[PDB]
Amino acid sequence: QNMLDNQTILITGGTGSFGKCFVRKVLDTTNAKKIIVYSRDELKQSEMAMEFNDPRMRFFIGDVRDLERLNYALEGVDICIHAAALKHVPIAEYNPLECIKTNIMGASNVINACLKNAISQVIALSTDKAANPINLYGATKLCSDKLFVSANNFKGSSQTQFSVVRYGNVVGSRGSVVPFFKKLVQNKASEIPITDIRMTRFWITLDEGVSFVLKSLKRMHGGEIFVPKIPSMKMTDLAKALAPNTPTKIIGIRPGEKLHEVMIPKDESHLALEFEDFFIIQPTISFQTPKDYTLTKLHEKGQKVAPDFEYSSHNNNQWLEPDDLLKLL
């Protein structure tokens, strides 16, 4: 059908929530020649291998902190999706160096190995927590994003493309709150943990995130930070539609948590280009051979935003009602 046919793809952190959904989508909707899962845990890999049991799959035990392992794993790969990461904010506050080794040094290693093996396209997953970050996790992702964007300056016998995909909370992520709220009410809940009233968070489904990454692959030139237009939901309605029969206590705010998440910093608007269903944050730096981010590879046109624009979760027009939420298993 398209660009993914006959291609070999490797995804770091492939056993994760995004990873399994992405792998499933690629196997179902493309004629990819091979899909390589690269992660550390033998348990999750053994079970994922049984779950998919697809001969197009390959499982490599390995750490993104291990450059030599990455060099060997990326051999013969055409496309690399970087989803490996330590993302638990509070655990990242208590174990800062671990988050740094995995998220930052991990990014640097993947970049190095992708260049060495002449990969064609690379997309690293980012987070809104990386825009004007306050927590350690967010700062490591910002460093990662900067590394990937800057990697486009390089120019070997083959010019590898590196882009970033940034979006917010995933509805009911592997460790999200949705899957947490359902476990409570299920195990006979009598109180739900809440943080703040005016709280706000962008929301997108796992499948939409995956589809967004794949579409970004088709339109990317390299160096872009892709941001999808997604609705916002106040935590108030979230708990009511997932447990209206039990009360909620305003527990203490987690370490390093924001009230509202930023998607596009006000100070970076001048780099932002708006499109129909997404935004593109252009590089702050200039490369050897510039790119016209105004027109994607899919011939889509984008227009600069307002010099004062700022994609925040509280100044958004899209809001998902308690209904469709329940429509998300």
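Numbering starts at 1 and follows the sequence shown. The term rigid core refers to the most C-alpha atoms you can superpose between the two forms while keeping them within 1.5 Å.
- Where the structures in 4 other deposited structures of this protein are fitted on the rigid core, 174-182 is the one of 206-214 and 174-182 whose C-alphas sit farther from the shown form on average.
- Averaged over structures and residues, the CA distance from the shown form in 4 other deposited structures of this protein after a core fit is larger for 184-192, of the two stretches 184-192 and 231-239.
- 181-189 and 210-218 differ in mean CA B-factor, and the higher of the two is recorded for 181-189.
- When the two stretches 22-30 and 268-276 are set side by side, the higher mean Cα temperature factor goes to 268-276.
- Among 147, 134, 84, 239, the highest C-alpha B-factor recorded in the PDB entry belongs to 239.
- Comparing C-alpha B-factors across 97, 89, 233, 227 in the deposited entry, the largest value falls on 233.
- When the CA B factors of the chain's modelled residues are split into thirds, the value for residue 318 lands in the highest one.
- In this PDB entry, residue 6 carries a Cα temperature factor that places it within the middle third of its chain's modelled residues.
- Annotation for residue 93: CA B-factor lies in the lowest third of the chain's modelled residues.
- In the PDB entry, residue 283 places in the middle third of its chain by CA B-factor.
- Compared with the other modelled residues of the chain, the Cα B-factor recorded for residue 126 ranks in the middle third.
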